[PDB]
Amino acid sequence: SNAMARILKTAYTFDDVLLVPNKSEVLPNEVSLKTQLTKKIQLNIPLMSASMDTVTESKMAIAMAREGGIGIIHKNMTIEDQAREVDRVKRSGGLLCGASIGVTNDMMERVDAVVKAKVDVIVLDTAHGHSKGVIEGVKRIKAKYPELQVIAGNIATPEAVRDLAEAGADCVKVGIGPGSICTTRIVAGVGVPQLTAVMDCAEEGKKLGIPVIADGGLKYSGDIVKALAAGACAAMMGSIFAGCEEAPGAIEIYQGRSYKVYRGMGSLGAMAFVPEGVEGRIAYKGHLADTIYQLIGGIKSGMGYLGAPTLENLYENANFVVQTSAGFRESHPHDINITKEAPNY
């Protein structure tokens, strides 16, 4: 019968597209970066640190919150260690704080402890958010804690946005495969290029009043611009934050150069089922505050180019063009022996 594999379309990631400049009466230092992570939760800047054991513990979540973003404490620890980490962030001046929850046996026990520590939002994320286990997990949590803010992921299709919204999620996280340390697309063959994924999911989210998060695959400040212009309410990153002194792990020096170890939570190292992540070393980047300053400067630039004083205006006025490989070469610095370090390239 007609039941058979189909090739549906071409899907794009951030490097495939550029934003067209609009006429503008706004300069970069006049724009506002506030966003609604959920209906109840507002962020001053639309950035989140990933809930990985190499990216976000309390030290990182504290620095994120004071920069106007938010950090999701990772769940690769005891329930009580994670509640202690959430309690350390909240005791640092009432800062926003998130906590990652997995679909497990102790899932409700973990939620209780991070709820007792007064976590502001829990992220129920799985390899595959469009599942029975996640859907039934969100219903279970919201039945107990109707006011607790719940982000569910990861997903990559508007049907999954709709299904996760019917389950009670207050926000939905987008990204199957784009992770810099992710091999899910290589080992299972599954994933959606992240620009198409975010655009289609945000469009459906907008129909329902449910925001979407662009999770994974972001390398430069410009990628973040594209993701918010595609419709994400916020951008979540591991690689971009994992080289920072505030992320867990010590700054190791090898051959006179400083490194931090960054790894996927599906890697063999994090899990000490077939691995879906790798483990490696990135260059130490310094303090989170200097990275955030370049990221925020890049976003304010992009909105100035597009004439958008708010993130809503950026979405409603974003037009992409697709570029080829040859346009990719043109869009990056070329035919130049770059010497001096650039703080955002």
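We number the residues from 1 along the sequence you see.
In this entry, 200-208 shows the higher mean Cα temperature factor of the pair 200-208 and 215-223. Stretches 183-191 and 246-254 differ in mean CA B factor, with 246-254 having the higher one. Across 237, 138, 174, 272, the greatest Cα temperature factor reported in the deposited entry is at 272. Among 281, 300, 34, 59, the highest C-alpha B-factor in the deposited entry belongs to 281.
In the PDB entry, a CA B factor belonging to the middle third of its chain's modelled residues is recorded for residue 67. Placement of the Cα temperature factor of residue 290 within the chain: lowest third of the modelled residues, per the deposited record. Placement of the Cα temperature factor of residue 153 within the chain: middle third of the modelled residues, per the deposited record. Residue 264: CA B factor lies in the middle third for its chain, per the PDB record.
Remark: residue 232 belongs to the lowest third of its chain, ranked by C-alpha B-factor as recorded.
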